[PDB]
Protein chains: 2
Amino acid sequence: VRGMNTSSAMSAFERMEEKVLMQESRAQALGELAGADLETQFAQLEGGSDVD
Amino acid sequence: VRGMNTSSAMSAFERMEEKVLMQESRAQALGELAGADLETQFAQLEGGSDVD
């Protein structure tokens with residue numbers, strides 16, 4: 001009930017959270033980098049021109 | 001009749017009492033610690049909200 005560090009469930013959650021945060025952030029960061037590049041933005045503009 | 005220290009019954013009671021007091025106090029202390037934590041108090045409040 002106390003949720004002490006020794007108990008397995010509490011330790012697992014903390015370990016999982018650190019890994020999850022890093023993984024989630026890394027995937028998002030990569031996407032942002034692609035978005036940041038001018039060419040990716042330009043490609044979207046090109047697509048709009050292309051469809052009409 | 002004298003209840004002298006040498007007699008087995010007197011010695012047993014004294015030894016048992018020390019162990020019993022420590023055991024009773026320790027169990028109670030653990031319960032108090034759980035009660036002391038804010039989350040346990042919060043859980044009771046949540047339960048009241050949950051039932052209605």
# chains A, B, ... in the order shown; residues from 1 in each chain; ligands from 1
call {"tool": "select_by_dssp", "arguments": {"residues": "chain A", "states": "alpha helix (DSSP H)", "output": "PyMOL selection string"}}
result
chain A and resi 8-36+38-51
call {"tool": "interface_residues", "arguments": {"of": "chain A", "to": "chain B", "cutoff": "12 Å", "atoms": "only C-alpha atoms", "output": "PDB file with N, CA, C and O atoms, in the first residue's frame"}}
result
ATOM      1  N   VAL A   1       0.831  -1.204   0.000  1.00  0.00           N
ATOM      2  CA  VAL A   1       0.000   0.000   0.000  1.00  0.00           C
ATOM      3  C   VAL A   1       0.869   1.258   0.000  1.00  0.00           C
ATOM      4  O   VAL A   1       0.544   2.257  -0.642  1.00  0.00           O
ATOM      5  N   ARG A   2       1.977   1.186   0.735  1.00  0.00           N
ATOM      6  CA  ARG A   2       2.940   2.282   0.877  1.00  0.00           C
ATOM      7  C   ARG A   2       3.652   2.683  -0.422  1.00  0.00           C
ATOM      8  O   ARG A   2       4.103   3.820  -0.551  1.00  0.00           O
ATOM      9  N   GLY A   3       3.753   1.766  -1.380  1.00  0.00           N
ATOM     10  CA  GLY A   3       4.427   2.055  -2.630  1.00  0.00           C
ATOM     11  C   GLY A   3       5.893   2.381  -2.440  1.00  0.00           C
ATOM     12  O   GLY A   3       6.436   3.294  -3.060  1.00  0.00           O
ATOM     13  N   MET A   4       6.533   1.608  -1.568  1.00  0.00           N
ATOM     14  CA  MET A   4       7.949   1.758  -1.264  1.00  0.00           C
ATOM     15  C   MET A   4       8.825   1.354  -2.453  1.00  0.00           C
ATOM     16  O   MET A   4       8.410   0.581  -3.318  1.00  0.00           O
TER      17      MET A   4
END
call {"tool": "atom_distance", "arguments": {"atom1": "CA of residue 51 in chain A", "atom2": "CA of residue 38 in chain A"}}
result
20.6 Å
call {"tool": "residues_around", "arguments": {"residues": "residue 5 in chain B", "least_positions_apart": "5", "cutoff": "12 Å", "atoms": "only C-alpha atoms", "output": "number ranges by chain"}}
result
B: 10-15
call {"tool": "write_last_selection", "arguments": {"atoms": "N, CA, C and O atoms", "output": "PDB file, in the first residue's frame"}}
result
ATOM      1  N   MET B  10       7.278 -16.808  35.597  1.00  0.00           N
ATOM      2  CA  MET B  10       7.573 -15.380  35.683  1.00  0.00           C
ATOM      3  C   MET B  10       8.496 -14.920  34.562  1.00  0.00           C
ATOM      4  O   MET B  10       8.291 -13.858  33.973  1.00  0.00           O
ATOM      5  N   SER B  11       9.517 -15.721  34.275  1.00  0.00           N
ATOM      6  CA  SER B  11      10.471 -15.391  33.227  1.00  0.00           C
ATOM      7  C   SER B  11       9.795 -15.356  31.863  1.00  0.00           C
ATOM      8  O   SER B  11      10.072 -14.482  31.042  1.00  0.00           O
ATOM      9  N   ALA B  12       8.909 -16.318  31.629  1.00  0.00           N
ATOM     10  CA  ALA B  12       8.201 -16.408  30.359  1.00  0.00           C
ATOM     11  C   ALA B  12       7.319 -15.189  30.119  1.00  0.00           C
ATOM     12  O   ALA B  12       7.265 -14.667  29.006  1.00  0.00           O
ATOM     13  N   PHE B  13       6.629 -14.737  31.161  1.00  0.00           N
ATOM     14  CA  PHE B  13       5.750 -13.581  31.034  1.00  0.00           C
ATOM     15  C   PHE B  13       6.526 -12.320  30.680  1.00  0.00           C
ATOM     16  O   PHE B  13       6.106 -11.545  29.821  1.00  0.00           O
ATOM     17  N   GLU B  14       7.659 -12.114  31.345  1.00  0.00           N
ATOM     18  CA  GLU B  14       8.478 -10.936  31.088  1.00  0.00           C
ATOM     19  C   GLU B  14       9.039 -10.932  29.670  1.00  0.00           C
ATOM     20  O   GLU B  14       9.026  -9.907  28.990  1.00  0.00           O
ATOM     21  N   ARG B  15       9.534 -12.087  29.229  1.00  0.00           N
ATOM     22  CA  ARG B  15      10.091 -12.210  27.888  1.00  0.00           C
ATOM     23  C   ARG B  15       9.019 -11.999  26.827  1.00  0.00           C
ATOM     24  O   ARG B  15       9.243 -11.320  25.824  1.00  0.00           O
TER      25      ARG B  15
END
call {"tool": "atom_distance", "arguments": {"atom1": "CA of residue 6 in chain A", "atom2": "CA of residue 28 in chain B"}}
result
20.7 Å
